[PDB]
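Asker: my_file.txt is reproduced below (compact mmCIF, C-alpha atoms and all ligand atoms).
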# COMPACT_ATOMS: atom_id res chain seq x y z
CA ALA L 11 -53.98 -19.64 -10.25
CA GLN L 12 -50.39 -19.41 -9.08
CA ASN L 13 -48.29 -22.58 -8.54
CA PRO L 14 -50.96 -24.96 -9.87
CA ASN L 15 -48.68 -28.03 -9.74
CA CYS L 16 -48.23 -27.32 -5.94
CA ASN L 17 -44.42 -27.32 -6.11
CA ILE L 18 -42.38 -26.41 -3.05
CA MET L 19 -41.18 -22.84 -3.59
CA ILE L 20 -37.90 -21.38 -2.39
CA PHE L 21 -37.63 -17.68 -1.44
CA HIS L 22 -34.61 -15.43 -1.14
CA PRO L 23 -35.79 -12.21 0.57
CA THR L 24 -33.54 -9.21 0.70
CA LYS L 25 -32.75 -7.66 4.08
CA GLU L 26 -35.33 -5.04 3.27
CA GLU L 27 -37.96 -7.65 2.57
CA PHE L 28 -37.05 -9.49 5.81
CA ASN L 29 -38.41 -6.75 8.05
CA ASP L 30 -42.06 -7.41 7.93
CA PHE L 31 -42.84 -11.06 8.67
CA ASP L 32 -46.59 -10.99 8.04
CA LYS L 33 -46.20 -9.11 4.80
CA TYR L 34 -43.61 -11.67 3.53
CA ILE L 35 -45.93 -14.58 4.37
CA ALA L 36 -48.73 -12.85 2.44
CA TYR L 37 -46.25 -12.27 -0.45
CA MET L 38 -45.33 -15.95 -0.59
CA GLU L 39 -49.03 -16.91 -0.67
CA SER L 40 -49.61 -14.37 -3.49
CA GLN L 41 -47.10 -16.45 -5.44
CA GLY L 42 -48.94 -19.73 -4.64
CA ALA L 43 -46.46 -21.04 -2.11
CA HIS L 44 -49.13 -22.42 0.22
CA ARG L 45 -50.43 -24.74 -2.40
CA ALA L 46 -47.37 -26.99 -1.81
CA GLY L 47 -47.95 -27.19 1.96
CA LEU L 48 -44.29 -26.22 2.60
CA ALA L 49 -41.91 -23.40 1.51
CA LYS L 50 -38.23 -22.74 2.08
CA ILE L 51 -36.96 -19.26 3.00
CA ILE L 52 -33.27 -18.52 2.68
CA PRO L 53 -32.45 -15.53 4.96
CA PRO L 54 -30.59 -12.50 3.57
CA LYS L 55 -26.84 -12.97 3.64
CA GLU L 56 -26.49 -10.17 6.21
CA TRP L 57 -28.82 -11.86 8.75
CA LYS L 58 -27.82 -14.03 11.64
CA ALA L 59 -29.88 -15.80 14.30
CA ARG L 60 -27.22 -15.39 16.93
CA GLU L 61 -23.51 -14.66 17.09
CA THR L 62 -22.28 -18.14 17.90
CA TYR L 63 -23.58 -21.48 19.17
CA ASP L 64 -20.55 -21.88 21.31
CA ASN L 65 -22.27 -22.68 24.60
CA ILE L 66 -25.37 -24.80 23.71
CA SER L 67 -24.15 -27.93 25.34
CA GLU L 68 -25.60 -26.81 28.63
CA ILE L 69 -29.18 -27.03 27.52
CA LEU L 70 -30.93 -29.99 29.14
CA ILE L 71 -32.96 -32.54 27.29
CA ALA L 72 -35.12 -33.58 30.24
CA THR L 73 -36.92 -36.43 28.40
CA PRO L 74 -35.01 -37.74 25.37
CA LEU L 75 -37.23 -40.04 23.25
CA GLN L 76 -36.02 -43.34 21.75
CA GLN L 77 -38.06 -43.83 18.56
CA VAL L 78 -38.79 -47.52 18.26
CA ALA L 79 -40.34 -48.66 14.95
CA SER L 80 -42.77 -51.46 14.11
CA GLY L 81 -44.03 -52.62 10.72
CA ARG L 82 -42.26 -52.78 7.32
CA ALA L 83 -39.71 -50.42 5.88
CA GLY L 84 -42.18 -48.36 3.92
CA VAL L 85 -45.15 -48.45 6.34
CA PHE L 86 -44.38 -48.25 10.03
CA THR L 87 -45.30 -46.75 13.31
CA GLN L 88 -43.03 -45.40 15.96
CA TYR L 89 -43.34 -45.32 19.65
CA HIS L 90 -41.44 -43.00 21.88
CA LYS L 91 -39.73 -44.58 24.81
CA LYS L 92 -38.67 -42.04 27.47
CA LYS L 93 -35.04 -42.03 28.46
CA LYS L 94 -33.07 -40.47 31.27
CA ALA L 95 -32.19 -36.77 31.00
CA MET L 96 -29.10 -35.68 29.24
CA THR L 97 -27.40 -32.38 28.29
CA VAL L 98 -27.11 -31.31 24.67
CA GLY L 99 -23.32 -32.03 25.12
CA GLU L 100 -24.07 -35.55 26.10
CA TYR L 101 -26.63 -35.94 23.27
CA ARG L 102 -24.23 -34.60 20.65
CA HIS L 103 -21.61 -37.04 21.78
CA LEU L 104 -24.15 -39.88 21.55
CA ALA L 105 -25.25 -38.75 18.03
CA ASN L 106 -21.57 -38.84 16.95
CA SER L 107 -20.98 -42.38 18.38
CA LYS L 108 -20.36 -45.29 16.12
CA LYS L 109 -23.80 -46.77 17.00
CA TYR L 110 -25.77 -43.64 16.09
CA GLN L 111 -23.73 -41.63 13.57
CA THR L 112 -24.61 -40.95 9.95
CA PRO L 113 -23.25 -43.71 7.67
CA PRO L 114 -20.97 -43.21 4.74
CA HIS L 115 -22.95 -42.04 1.77
CA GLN L 116 -22.52 -40.44 -1.69
CA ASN L 117 -25.04 -37.57 -1.51
CA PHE L 118 -28.52 -36.68 -0.06
CA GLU L 119 -30.25 -39.16 -2.40
CA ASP L 120 -28.11 -42.12 -1.33
CA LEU L 121 -28.70 -41.11 2.30
CA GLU L 122 -32.48 -40.93 1.69
CA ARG L 123 -32.33 -44.45 0.19
CA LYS L 124 -30.47 -45.72 3.24
CA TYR L 125 -32.98 -44.02 5.59
CA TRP L 126 -36.02 -45.72 3.98
CA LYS L 127 -34.24 -49.04 3.66
CA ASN L 128 -32.90 -49.16 7.15
CA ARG L 129 -34.81 -46.87 9.52
CA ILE L 130 -36.95 -49.55 11.07
CA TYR L 131 -33.94 -51.55 12.24
CA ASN L 132 -32.66 -48.82 14.51
CA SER L 133 -34.00 -46.65 17.36
CA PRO L 134 -32.52 -43.18 17.22
CA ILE L 135 -32.95 -40.80 20.19
CA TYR L 136 -34.81 -37.44 19.59
CA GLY L 137 -34.79 -34.41 21.94
CA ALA L 138 -38.10 -32.98 21.01
CA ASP L 139 -40.43 -30.37 22.10
CA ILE L 140 -38.09 -28.52 24.51
CA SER L 141 -39.53 -25.09 25.39
CA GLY L 142 -36.96 -22.41 24.63
CA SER L 143 -35.24 -20.31 22.00
CA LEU L 144 -31.81 -19.94 20.53
CA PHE L 145 -32.48 -16.56 18.80
CA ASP L 146 -30.50 -13.69 20.22
CA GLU L 147 -32.90 -11.12 21.71
CA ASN L 148 -31.20 -8.54 19.52
CA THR L 149 -32.19 -10.37 16.34
CA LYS L 150 -35.16 -8.37 15.24
CA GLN L 151 -36.02 -10.09 11.92
CA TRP L 152 -37.68 -13.51 11.86
CA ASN L 153 -36.96 -14.15 15.50
CA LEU L 154 -39.27 -17.05 16.35
CA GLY L 155 -39.55 -15.94 19.94
CA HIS L 156 -40.85 -12.46 18.91
CA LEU L 157 -43.67 -13.36 16.54
CA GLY L 158 -47.23 -11.98 16.86
CA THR L 159 -49.24 -14.57 18.86
CA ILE L 160 -52.12 -16.71 17.65
CA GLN L 161 -54.27 -15.33 20.45
CA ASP L 162 -53.59 -11.82 19.23
CA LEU L 163 -54.42 -12.89 15.62
CA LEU L 164 -57.76 -14.26 16.78
CA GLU L 165 -58.42 -11.07 18.67
CA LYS L 166 -57.58 -8.84 15.72
CA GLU L 167 -59.62 -10.87 13.23
CA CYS L 168 -62.55 -11.99 15.38
CA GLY L 169 -62.61 -9.74 18.41
CA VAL L 170 -62.38 -12.49 20.91
CA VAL L 171 -60.10 -12.40 23.87
CA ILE L 172 -58.75 -15.66 25.17
CA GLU L 173 -56.16 -17.06 27.51
CA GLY L 174 -53.06 -18.85 26.30
CA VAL L 175 -49.56 -18.24 25.20
CA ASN L 176 -47.48 -19.20 22.09
CA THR L 177 -43.72 -20.01 22.60
CA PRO L 178 -41.08 -21.77 20.55
CA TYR L 179 -39.71 -25.23 20.90
CA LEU L 180 -36.24 -26.71 20.32
CA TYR L 181 -35.57 -30.00 18.61
CA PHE L 182 -32.26 -31.84 18.86
CA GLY L 183 -31.90 -34.61 16.23
CA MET L 184 -29.52 -37.28 15.13
CA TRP L 185 -29.30 -39.64 12.14
CA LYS L 186 -32.66 -41.32 11.50
CA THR L 187 -34.64 -39.23 14.00
CA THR L 188 -38.06 -39.03 12.44
CA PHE L 189 -41.12 -36.80 12.42
CA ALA L 190 -44.27 -38.70 11.52
CA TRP L 191 -46.99 -37.62 9.10
CA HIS L 192 -49.01 -34.78 10.61
CA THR L 193 -50.55 -31.42 10.23
CA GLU L 194 -50.17 -28.83 13.01
CA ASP L 195 -52.48 -28.51 15.96
CA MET L 196 -55.65 -26.84 14.77
CA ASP L 197 -54.17 -26.96 11.25
CA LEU L 198 -51.94 -23.94 12.11
CA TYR L 199 -48.91 -22.82 10.21
CA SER L 200 -45.51 -23.74 11.50
CA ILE L 201 -42.13 -22.12 10.99
CA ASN L 202 -38.95 -24.04 11.57
CA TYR L 203 -35.42 -22.71 11.64
CA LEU L 204 -32.45 -25.13 11.39
CA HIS L 205 -29.96 -23.44 13.75
CA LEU L 206 -27.06 -25.78 13.21
CA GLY L 207 -25.82 -29.13 12.18
CA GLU L 208 -26.82 -31.64 9.60
CA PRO L 209 -29.76 -31.38 7.26
CA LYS L 210 -33.45 -32.31 7.64
CA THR L 211 -35.37 -33.90 4.71
CA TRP L 212 -39.07 -33.05 4.46
CA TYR L 213 -41.96 -34.65 2.63
CA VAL L 214 -45.25 -32.81 2.16
CA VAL L 215 -48.71 -33.33 0.68
CA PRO L 216 -50.43 -30.27 -0.85
CA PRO L 217 -53.32 -29.10 1.42
CA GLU L 218 -55.81 -29.55 -1.36
CA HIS L 219 -54.94 -33.23 -1.38
CA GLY L 220 -54.67 -33.94 2.29
CA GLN L 221 -57.72 -36.14 2.40
CA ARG L 222 -56.04 -38.50 -0.12
CA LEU L 223 -53.26 -39.05 2.39
CA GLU L 224 -55.83 -39.58 5.15
CA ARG L 225 -57.66 -42.22 3.12
CA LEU L 226 -54.41 -44.05 2.41
CA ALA L 227 -53.47 -43.87 6.06
CA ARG L 228 -56.83 -45.42 7.07
CA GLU L 229 -56.12 -48.32 4.64
CA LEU L 230 -52.55 -48.79 5.86
CA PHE L 231 -53.19 -48.48 9.57
CA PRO L 232 -56.70 -49.92 9.80
CA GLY L 233 -56.90 -50.65 13.56
CA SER L 234 -55.53 -47.17 14.38
CA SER L 235 -58.23 -45.74 12.10
CA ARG L 236 -60.99 -47.64 13.92
CA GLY L 237 -59.62 -46.41 17.28
CA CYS L 238 -59.62 -42.71 16.41
CA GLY L 239 -61.17 -40.58 13.73
CA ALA L 240 -58.04 -38.42 13.56
CA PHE L 241 -55.27 -40.75 14.38
CA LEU L 242 -52.59 -38.93 12.41
CA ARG L 243 -52.82 -36.41 15.30
CA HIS L 244 -50.99 -38.99 17.33
CA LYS L 245 -47.90 -38.36 15.24
CA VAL L 246 -46.80 -41.99 15.01
CA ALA L 247 -47.31 -43.12 11.41
CA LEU L 248 -44.77 -43.22 8.62
CA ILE L 249 -45.35 -43.93 4.96
CA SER L 250 -42.43 -43.85 2.49
CA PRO L 251 -42.20 -42.00 -0.73
CA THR L 252 -42.25 -45.30 -2.62
CA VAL L 253 -45.52 -46.23 -0.97
CA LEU L 254 -47.00 -42.82 -1.62
CA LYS L 255 -46.01 -43.13 -5.34
CA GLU L 256 -47.49 -46.66 -5.53
CA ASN L 257 -50.79 -45.30 -4.23
CA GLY L 258 -50.93 -42.14 -6.36
CA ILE L 259 -50.63 -39.67 -3.46
CA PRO L 260 -49.33 -36.29 -4.59
CA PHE L 261 -46.28 -35.15 -2.60
CA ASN L 262 -43.03 -33.27 -2.75
CA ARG L 263 -39.74 -33.47 -0.98
CA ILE L 264 -37.00 -30.98 -0.06
CA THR L 265 -33.92 -30.94 2.16
CA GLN L 266 -33.44 -28.06 4.64
CA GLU L 267 -29.90 -27.11 5.57
CA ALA L 268 -28.55 -25.20 8.53
CA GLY L 269 -29.39 -21.54 8.30
CA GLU L 270 -32.66 -22.02 6.45
CA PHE L 271 -36.34 -21.57 7.42
CA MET L 272 -39.21 -23.80 6.41
CA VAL L 273 -42.84 -22.79 6.64
CA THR L 274 -45.62 -25.33 6.72
CA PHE L 275 -49.08 -24.09 5.69
CA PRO L 276 -52.49 -24.92 7.11
CA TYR L 277 -53.43 -28.50 6.50
CA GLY L 278 -50.08 -29.31 4.82
CA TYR L 279 -49.27 -32.87 5.93
CA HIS L 280 -45.55 -33.28 6.47
CA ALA L 281 -43.02 -35.92 7.65
CA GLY L 282 -39.30 -36.23 7.55
CA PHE L 283 -35.95 -37.22 9.07
CA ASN L 284 -32.66 -35.80 10.22
CA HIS L 285 -29.37 -36.57 8.52
CA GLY L 286 -27.23 -36.29 11.65
CA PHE L 287 -26.76 -34.17 14.78
CA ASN L 288 -28.78 -30.95 14.46
CA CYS L 289 -30.83 -28.37 16.35
CA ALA L 290 -34.02 -26.81 15.04
CA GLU L 291 -36.43 -24.26 16.55
CA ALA L 292 -40.10 -24.16 15.59
CA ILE L 293 -43.30 -22.46 16.51
CA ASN L 294 -46.90 -22.38 15.32
CA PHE L 295 -48.45 -19.23 13.96
CA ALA L 296 -51.61 -17.94 12.37
CA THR L 297 -52.69 -15.51 9.66
CA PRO L 298 -56.20 -14.45 8.70
CA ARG L 299 -56.36 -17.18 6.07
CA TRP L 300 -55.82 -19.81 8.80
CA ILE L 301 -59.09 -19.06 10.61
CA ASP L 302 -61.22 -21.15 8.35
CA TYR L 303 -58.78 -24.08 8.62
CA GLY L 304 -58.93 -23.82 12.35
CA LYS L 305 -62.69 -24.05 12.28
CA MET L 306 -62.52 -27.22 10.16
CA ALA L 307 -59.58 -28.96 11.80
CA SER L 308 -60.03 -32.54 12.87
CA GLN L 309 -59.53 -33.54 16.33
CA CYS L 310 -58.34 -36.56 18.28
CA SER L 311 -61.04 -37.27 20.90
CA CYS L 312 -59.67 -40.93 21.68
CA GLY L 313 -57.42 -39.10 24.10
CA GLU L 314 -54.05 -40.15 22.80
CA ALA L 315 -53.01 -36.80 21.22
CA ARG L 316 -53.49 -34.88 24.46
CA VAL L 317 -52.69 -31.25 23.61
CA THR L 318 -51.98 -27.88 25.12
CA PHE L 319 -53.47 -25.46 27.38
CA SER L 320 -53.67 -22.88 24.56
CA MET L 321 -55.35 -25.28 22.09
CA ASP L 322 -58.31 -25.52 24.57
CA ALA L 323 -59.27 -22.01 23.87
CA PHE L 324 -58.93 -22.38 20.12
CA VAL L 325 -61.34 -25.33 20.23
CA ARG L 326 -63.70 -23.54 22.55
CA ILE L 327 -64.01 -20.51 20.29
CA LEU L 328 -63.69 -21.98 16.79
CA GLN L 329 -65.28 -25.40 17.39
CA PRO L 330 -67.84 -24.92 20.19
CA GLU L 331 -69.82 -28.03 19.24
CA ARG L 332 -66.71 -30.23 19.51
CA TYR L 333 -65.70 -28.49 22.76
CA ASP L 334 -67.35 -30.88 25.23
CA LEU L 335 -66.25 -34.26 23.55
CA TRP L 336 -62.68 -32.99 22.73
CA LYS L 337 -62.09 -31.90 26.38
CA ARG L 338 -63.42 -35.35 27.50
CA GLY L 339 -60.44 -36.72 25.51
CA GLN L 340 -58.20 -34.11 27.19
CA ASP L 341 -59.44 -34.74 30.79
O1 LIG L 401 -38.39 -30.63 13.14
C1 LIG L 401 -39.11 -31.54 13.59
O2 LIG L 401 -38.83 -32.65 14.19
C2 LIG L 401 -40.59 -31.46 13.43
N1 LIG L 401 -41.01 -30.10 13.06
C3 LIG L 401 -42.19 -29.87 12.52
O3 LIG L 401 -43.12 -30.75 12.29
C4 LIG L 401 -42.55 -28.47 12.14
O4 LIG L 401 -41.74 -27.55 12.24
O5 LIG L 401 -43.76 -28.32 11.89
MG MG L 402 -25.50 -24.03 27.37
NI NI L 403 -44.98 -29.99 12.04
ZN ZN L 404 -56.81 -40.20 18.91
Mind turning the file's structure into structure tokens?
Ligand SMILES: O=C(O)CNC(=O)C(=O)O
Ligand SMILES: [Mg+2]
Ligand code: NI
Ligand SMILES: [Zn+2]
Answerer:
Amino acid sequence: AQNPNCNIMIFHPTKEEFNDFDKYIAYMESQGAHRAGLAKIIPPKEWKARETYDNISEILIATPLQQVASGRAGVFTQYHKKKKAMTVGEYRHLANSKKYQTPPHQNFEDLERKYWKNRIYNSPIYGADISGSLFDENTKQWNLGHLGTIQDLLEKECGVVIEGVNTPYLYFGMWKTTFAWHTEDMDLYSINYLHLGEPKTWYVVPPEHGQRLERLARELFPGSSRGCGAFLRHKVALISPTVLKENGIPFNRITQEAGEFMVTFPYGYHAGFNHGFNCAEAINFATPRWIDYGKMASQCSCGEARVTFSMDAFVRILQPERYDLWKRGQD
């Protein structure tokens, strides 16, 4: 078995290897990369996502989210308070302000220490989930707005024909902006490209051990657990590496820098934070190996997680028994 310790693997494809996305994903899995839950892909040196970022300030963040924390430093939840719209120019200036900027630090490790020590005492503002793309249309390799769609994967593998579309999303971060512990909708893959700015640190639990993280989360957030049988789908809970180590949960960590892709694999729980002002682009995708994960994915039926138009069809086809009760939560 390849990669039996479930380490995060790092790939350096050549420009020739960067032509066929699906094939490269299947290559990485042949080497065991999926067992970690997360892989890093460093693009060929000749590749570029776009020529410059020189006019991005005009993008609008229609609903910036202030991430307010509750709990203790190592075990907390966050709630997203909606703020008034602002441009990316305005957001970048806010990120660089004395109140919000990255503190002095020695290296990534000292910064990670400061994040876990101090996150809960601040409320950074996150521009999340903004439909759009920053890839140039002329970028033909690994362009996240030109991927094969999940609906087309389900049609090719299973013959079924469903509504829905699959488009990317932009994320604008600042110091301390946080993504809570989650897997993707329907336990899909994700791919995330860091277009610019400061790094993003990731934590991940190997898919084969996801249920260990779930059981810890039920113990740490016991009222949330009683409220919903899949409350990590709400994307609000944080657990620190120290707490994971104290409780024996297998995990890994890695820092993504500008210019790098990350792939998350089906049922790979992940969480993380941004080091400073940055912009990422991400999208879900499927392969044939996903289908079984989609059939088995948990769902939030409490109604909090409230998910997309396109996820309806996935549930309807892969989880027809749940269909009914899940759409009661989504209507
Ligand atoms: O970058 C972020 O804030 C969150 N992204 C992801 O969870 C991802 O790409 O799957
Ligand atoms: Mg602009
Ligand atoms: Ni994710
Ligand atoms: Zn729920």
Asker: Please, which residues are within 6 Å of (-26.7, -25.3, 8.4) by the file's coordinates, counting all atoms listed in the file, and could they come as a ChimeraX atom specification?
Answerer: /L:206-207,267-269
Asker: So which residues touch residue L:293 within 8 Å, counting only C-alpha atoms, skipping near sequence neighbours fewer than 3 positions away, as a PyMOL selection string?
Answerer: chain L and resi 154+176-179+200-202
Asker: Enumerate as a list in words the residues within 12 Å of ligand ZN 404 (chain L), counting only C-alpha atoms and all ligand atoms.
Answerer: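 Based on only C-alpha atoms and all ligand atoms, ligand ZN 404 (chain L) is surrounded within 12 Å by residues 233, 234, 235, 236, 237, 238, 239, 240, 241, 242, 243, 244, 245, 246, 308, 309, 310, 311, 312, 313, 314, 315, 316, 317, 336, 338, 339 and 340 of chain L.
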Asker: Tell me which of L:213, L:324, L:271, L:118 sits closest to residue L:20, counting all atoms listed in the file.
Answerer: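 With all atoms listed in the file as the atom set, the closest residue is L:271.
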Asker: Find the residues with any atom within 10 Å of (-35.2, -41.5, 29.1); use only C-alpha atoms and the coordinates as given in the file, and write the answer as a short mmCIF file (atom, residue, chain, number, x, y, z; two decimals) with C-alpha atoms, keeping the file's coordinate frame.
Answerer:
data_model
loop_
_atom_site.label_atom_id
_atom_site.label_comp_id
_atom_site.auth_asym_id
_atom_site.auth_seq_id
_atom_site.Cartn_x
_atom_site.Cartn_y
_atom_site.Cartn_z
CA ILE L 71 -32.96 -32.54 27.29
CA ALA L 72 -35.12 -33.58 30.24
CA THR L 73 -36.92 -36.43 28.40
CA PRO L 74 -35.01 -37.74 25.37
CA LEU L 75 -37.23 -40.04 23.25
CA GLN L 76 -36.02 -43.34 21.75
CA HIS L 90 -41.44 -43.00 21.88
CA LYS L 91 -39.73 -44.58 24.81
CA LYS L 92 -38.67 -42.04 27.47
CA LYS L 93 -35.04 -42.03 28.46
CA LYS L 94 -33.07 -40.47 31.27
CA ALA L 95 -32.19 -36.77 31.00
CA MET L 96 -29.10 -35.68 29.24
CA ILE L 135 -32.95 -40.80 20.19
#
Asker: What does the list of residues within 7 Å of ligand LIG 401 (chain L) look like if you count all atoms listed in the file, written as a list in words?
Answerer: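 Using all atoms listed in the file, everything at most 7 Å from ligand LIG 401 (chain L) comes to residues 138, 181, 188, 189, 194, 200, 201, 202, 274, 280, 281, 290, 292 and 293 of chain L.
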Asker: Could you tell me which of L:98, L:230, L:170, L:144 comes closest to residue L:62 if we count only C-alpha atoms?
Answerer: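 Of the candidates, the smallest distance to residue L:62 is held by L:144.
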Asker: Take atom CA of residue L:286 and atom CA of residue L:208 and report the distance between them in Å, one decimal.
Answerer: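 Atom CA of residue L:208 lies at a distance of 5.1 Å from atom CA of residue L:286.
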Asker: Ligand MG 402 (chain L): which residues are within 12 Å, counting all atoms listed in the file? Reply as an MDAnalysis selection string.
Answerer: chainID L and resid 62:71 97:100 142:144
Asker: May I have the residues from that selection written out with C-alpha atoms, as a CSV table (one decimal), in the frame of the given file?
Answerer:
chain,number,residue,atom,x,y,z
L,62,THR,CA,-22.3,-18.1,17.9
L,63,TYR,CA,-23.6,-21.5,19.2
L,64,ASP,CA,-20.6,-21.9,21.3
L,65,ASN,CA,-22.3,-22.7,24.6
L,66,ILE,CA,-25.4,-24.8,23.7
L,67,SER,CA,-24.2,-27.9,25.3
L,68,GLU,CA,-25.6,-26.8,28.6
L,69,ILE,CA,-29.2,-27.0,27.5
L,70,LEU,CA,-30.9,-30.0,29.1
L,71,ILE,CA,-33.0,-32.5,27.3
L,97,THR,CA,-27.4,-32.4,28.3
L,98,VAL,CA,-27.1,-31.3,24.7
L,99,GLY,CA,-23.3,-32.0,25.1
L,100,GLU,CA,-24.1,-35.6,26.1
L,142,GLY,CA,-37.0,-22.4,24.6
L,143,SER,CA,-35.2,-20.3,22.0
L,144,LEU,CA,-31.8,-19.9,20.5
Asker: Excluding same-chain residues fewer than 6 positions from stretch 23-36 of chain L, what lies within 9 Å of it counting all atoms listed in the file, as a ChimeraX atom specification?
Answerer: /L:51-57,150-152,157-158,297
